[PDB]
Structures are given as structure tokens and as C-alpha cells.
Amino acid sequence: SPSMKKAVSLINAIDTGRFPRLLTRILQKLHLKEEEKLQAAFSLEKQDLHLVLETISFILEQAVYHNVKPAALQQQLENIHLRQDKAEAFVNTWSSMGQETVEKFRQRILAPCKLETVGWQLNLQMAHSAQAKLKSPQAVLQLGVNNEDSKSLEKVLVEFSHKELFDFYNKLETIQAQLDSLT
Amino acid sequence: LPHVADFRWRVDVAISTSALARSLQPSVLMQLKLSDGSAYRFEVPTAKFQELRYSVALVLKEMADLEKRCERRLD
Amino acid sequence: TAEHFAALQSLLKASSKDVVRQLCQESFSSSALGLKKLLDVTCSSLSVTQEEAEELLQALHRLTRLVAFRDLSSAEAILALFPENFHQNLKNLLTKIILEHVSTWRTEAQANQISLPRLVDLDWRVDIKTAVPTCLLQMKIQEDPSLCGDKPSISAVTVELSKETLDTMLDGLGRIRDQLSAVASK
Amino acid sequence: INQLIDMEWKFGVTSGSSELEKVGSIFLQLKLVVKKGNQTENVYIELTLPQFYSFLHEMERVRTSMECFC
């Protein structure tokens, strides 16, 4: 990893007391995608600082992709000439937030539109008379379709009679039968 | 306010992704077409599907109760 | 439902086995809201009313879609759907015709199952710019007519790949074919 | 025009749908990240495995044709 050679020296020299705070921040960044404060604290110019950030991210992104065990991560770290004291910080940080980090990447949808909010309300009409008209309730469904490309919700409204919502329920029960066949 | 004209799905399990070698995490793809001629396609995580499925169960129970109470209202 | 089974007996007015065969195929493939376009010619077929004919086509549509859905591949499993008092020679005819199409019908539905927008055609060119090579990657995407709106279903995308980005893409297409091997390891 | 900058994909199998109870079909979805004129776009595509291998095979043909220069 001839490119890594530069980063291994830069990271080893970084202040170990400041190192866990930055790792947590990059993990927070990874579930999706201030510089001046880092430039002053770590004494690196913008282009130089970025190589460290890119290297840490690449390490974490590789670690998440393979779901590496703590012993497996340190086995790779010890082979690339990183000093153990930095490896101890990586392994500690990974051992705690690891599975939850992987789960978000395991949960993150590719497609643009994802259902975010589900809201129901029910609407009723009332018959004190002998027969004004024997008339049903009807439900309406709020779907919050997150266009995650934008983070703009389409709040979509669909209305059901009891005569319809039961048919829709049988389809959801069919989906559940399929989804339970995955066991 | 539109009623559902058609409702359609497929149940998928994602085996691998650009950032995870072996995810095995399922999702339900939904497509609605509606009585106003609108249509929507969206992906529903399993947690959000259980919410939707449970919500429909409540609203069916209320509707069937209030419908039954109207027979008590004729009596 | 009982109304469906009552409607299916209308096939006993049919003129050929093919009339039953073709009505089964057409009842499955046209969408549930779309069956209506043959109603008068269907009426003339069997000499039935338009309202009877719609329930007939819906009866076949529900029957054929349910058979396709469950992949019913034995006669007893199909015959078990029918009542004791339901015309035997009609149900044998329907059962045969179902088994003649169930593989085809099940495939036709899997070709029109929902998806994200689907690649339908693909083309590429290499082209030297004022000097350095570039690739003009040309894709035709087909979106569902229900959902694109009044825009066309088929939309063309054209992408410049440079040599550098082409390597990043083939690295990705690499990992995919690798992932497509490592399934169910260990 | 439309210079690619990044790519993502989801690879999986379809357990079932509205029309078929058990399906077992296999699909590749791609997300292509594109730019023109300093604004990004995402392009979304779904592929069968035949279409993946043909997409791979053809993009390999491009690589042979591009490395041929300098």
C-alpha cells in the first residue's frame, strides 16, 4: 500500500488524547456521507489534513464492508506498521460502535424513495335518525414518502372504506407470509 | 381524496451492497396507483412494514366496532 | 366466490376448445382494471350480456392469477378449488388449459413485476478529445408507464466515462461479480 | 456532459411479489452519481444477471480500447 505509507507516519504522530474524538466524528459522518479548528489542532494544511481523514474513512469503510472482528482488525493494523497505541484506540472505538455502524449500513436503502412516517386517522358520520342514510366510516392514511435524494417528504393521503381496508389488510398479510418465509 | 386503484409489491433480500459484503437484510418494495391517477413507488424497511401492518389492524378493529355499534343503535 | 363459479359455466356456450383457451390467456394477461376492451366481442362469442361477461373475465382473471400465484402444478391441487357440484367436464377442461399455460403465465408476470427503472438497451463509443480518450456511455432506461407520468416510458441517458472513472466503474463491476460468488460462504 | 463521479449498487434475490408467491429471481440495482455544470444527479437502474455480465463484458471492451492510448 505505497499510498498508505504517508498516512501511517502522519497518524502515528497525531496526539493520542485527541484521536478518539475525531474517530467518533468520522463514524457519525459515515452513516451518511470546523476544518479550521482541526487544521490548528493537528497542525496540517488542508490538503495534508484531508489525507488523514481519507485514510481513516477508508479504513473504517473497509472494516465495515468485511465486518472485521477486533482481532482481525488488529491483525491487519500490525501488518501495516501502525503502532499499537493507535491500534488500541481504533479497536476500542470499533468494538463498541461497530455492530451498530454495520447495522445502519445494513439498513440503509439504495432506492431514492423510502417510507418514513405512517399516520392514520379515522373519519365518522353520524345517524340519530331512523334512516338519514346508513353510511360507513372511512379511514385516511398519511404516508411520509422520504425522497432521500432531497430529504423532502411527499405526504401522501389515501382513503379507505371498511370495504376496502380489509382487502388491503389481506395483501399486507400476504406480504407478511412472504416475509416470514425468509424465516 | 383518492382511494387505492392498485396496490403491488415485491419482497426482496439484499445480499450485498457497495459498502457491505453480506447484508442479508430484507425490504418490501411498494407501488401504489390511486383513483386520481397518481402513482408512487417506495421501499419500506421491515420495521416500517410492521408498523404499517399493525396500524391497519387497529383501524380495522375500530371500524368494525363502530359499524357493530350502529346495529346496537337500531336496537 | 360463488359468483365467480356461476360465471365460469358460461364457457359451456363456447364454439371451440381454443375459445376457452384464448379467453384464459387473455383473462390472465390483461390487467384487472383493463379487461373491458373485449367485452362486446366476448359477448358475441358466447352470446352473453356485457355484465355477465365482465364477471366471467374477472372470474378467469382471479382464477388464473391465483393459480399462477401459488404455482399449482398438479391437477388435484387445482381441482380442489372447485365445488363438488361443479361441472366435471368444464373443470377438467379448465384444469388442462391451466396446466398448459401456468409456466407461461407465471413467467409473463415475472417479466412485468415491479422494479426500479429497468435497463432496456445499451451502447458505447470511444472518442479522442482535444489529446485524450473518452467513452460516451449511452443507456436507454424504461420506467413504468404508471409512474413516469406523461413523460415517455423510455428515456436515454448518456454519460462521459474518462479512463480514470472507467477504472473506478470496472472496480465496482468487479466487486459485484466477486460478491456474486461469495454467497453463503462459511 | 454527464460525467460520472461515483457509483453504488444493491445485489440481491426477490423472495416474492404480488403476482408470484415464491419468486427467486435475482437482480442488480445500480445508483450512478452524475454531474453536469456543478450540479449532481443520481441515475437509477435495475439489471438482470445476463444484463450485468453483458454490461461488465462491454465495459471491459472499453478498457481494452482506452488503455491502447498512452
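For A:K163, the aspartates and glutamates whose Cα falls under 16 Å of its own Cα, not counting residues fewer than eight places away in the same chain, are B:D6, B:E62, B:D65, B:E67. Work out the FRET efficiency for D:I5 and A:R83 from their Cβ-Cβ distance, taking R0 = 30 Å, and round it to the nearest 0.05. So the FRET efficiency works out to roughly 0.25. Peptide C:163-171 has a mean of 5 when you count, residue by residue, the C-beta atoms of other protein chains within 10 Å of its C-beta. Expressed as a whole percent, how much of the Cα-Cα distance distribution for chain A exceeds 23 Å? Above the 23 Å cut-off, chain A has 62 percent of its Cα pairs.
Applying both filters, DSSP loop and at most 15 other Cβ atoms within 10 Å, to the chymotrypsin sites (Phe, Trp or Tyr not before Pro) of chain D gives D:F69. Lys-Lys pairs in chain C that are eight or more residues apart or on separate chains and whose Cα atoms lie under 16 Å of each other come to 5.
Straight Cα distances below 16 angstrom link D:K22 to the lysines A:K171, with same-chain residues fewer than 8 positions distant left out. Treating the angle as unsigned and between 0 and 90°, give the value, to the nearest 10°, between the Cα long axis of helix D:49-67 and the longest Cα principal axis of chain D. Result, in degrees: 10. Taken residue by residue and averaged, Cβ atoms of other chains lying within 10 Å of the Cβ of A:154-161 number 5. Here C:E3 and A:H128 are evaluated by their C-beta separation; at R0 = 35 Å the FRET efficiency comes out at 0.45. A simple count of charges around C:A6, restricted to other residues whose Cβ falls under 11 Å of its Cβ and scoring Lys, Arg +1 and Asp, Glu -1, yields -3. Counting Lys and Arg as +1 and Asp and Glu as -1, what is the net charge of the other residues whose Cβ lies under 13 Å from the Cβ of C:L180? Charge balance in the 13 Å sphere: +3. Strictly greater than 16 Å: what percent of every Cα pair in region A:57-130 meets that? I get 63 percent for the Cα pairs in region A:57-130 exceeding 16 Å. Over the protein assembly as shown, with a single point scatterer placed on each C-alpha, what log10 of the ratio I(q)/I(0) does the Debye formula yield at q = 0.07, 0.08 1/Å? Cα-only, vacuum Debye calculation for the protein assembly as shown: -0.55, -0.69.
For chain D, the 222 nm mean residue ellipticity estimated from helices alone, with every DSSP H stretch of n ≥ 4 adding -39500 (n - 2.57) and the total spread over all residues, rounds to -9500 deg cm²/dmol. Loop-only chymotrypsin sites (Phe, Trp or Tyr not before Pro) in region C:10-91, please: DSSP not H, G, I, E or B, and at most 15 other Cβ atoms within 10 Å. Loop-located and lightly packed - C:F86.
For region A:112-162, trypsin sites (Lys or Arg not before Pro) meeting the loop criterion (DSSP other than H, G, I, E, B) and having at most 12 other Cβ atoms within 10 Å: A:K133, A:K135, A:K151.
Scanning residues 5 or more positions from D:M7 or on other chains, those with amide H under 5 Å from its amide H are D:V33, with H placed 1.01 Å from N in the peptide plane.
We place every Cβ from the backbone using ideal geometry, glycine too, and count neighbours over all the protein chains shown. None of the figures in this text is laboratory data; all of them are computed from the coordinates on show.
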